[PDB]
């Protein structure tokens, strides 16, 4: 009912759940920060020099792996942490923890990657992506140069991010949008859709109001953003097909058990 209070509560939760916000990412990417700039990774040599400073060092033991595998393992490290952050955020969405525990799982199973790709755009420009909470920056050209199918994974996300960043959403817009994605009543296998839709109705109302107030000169920003939600699903589909190529062709490339659980029987 109180759409401005819901909006504010979601933003406060977002600030607590996600260490690198869009505001902070954009301050780094435009130099308007007093911390020292990210370490730029543009090739295998810069990767070896920089990886000791990057958070995914926590999981690096063993003989040297080729560059495409290192990137794969470090991105897997980040994806597992991102899932844990999004799950903490989801538990703050009012009504979410009162849903059937099995529907909570289903909402997260089908929603986290759509959310990951949404917020990945906050860390990207057309030429690279911030990693390790802004301590590193990995160039788009370097990620593209990786041998197939590794060099194919990031390009569709950069493409998405350039179009999406053109909406110029901020963190208070994004906090509501990602809640709307999680509360999607049409996920396969949901046991009880009505209470999920009721929550999303309120969230969609809160989002529409937020967008009208925060971006008065963008008419139909709300309509535009809703059309992106559906594009996110195609990104996941294509990503899954790329991971399946890895699974059938590479050796010793099993996924983290959390990522296996999400991907198992996904659609």
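Residue numbers count along the first chain shown, from 1.
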item	value
Unresolved deposited residues in the interval that joins residue 61 and residue 62	1 to 3
Residue range whose averaged C-alpha B-factor is higher in the record, 227 to 235 or 26 to 34	26 to 34
111 to 119 versus 134 to 142 - greater average Cα B-factor per the deposited record	134 to 142
Per the PDB entry, maximal CA B factor within 259, 243, 15, 253	253
Member of 209, 67, 199, 221 with the greatest C-alpha B factor (per the PDB record)	67
Ranked C-alpha temperature factor of residue 168 among modelled chain residues, by third	lowest
Third of chain Cα B-factors occupied by residue 155	middle
Ranked C-alpha temperature factor of residue 266 among modelled chain residues, by third	highest
Third of the chain's Cα B-factor distribution that residue 87 belongs to, per the entry	lowest
Assigned third (lowest, middle, highest) for the C-alpha B factor of residue 102	middle
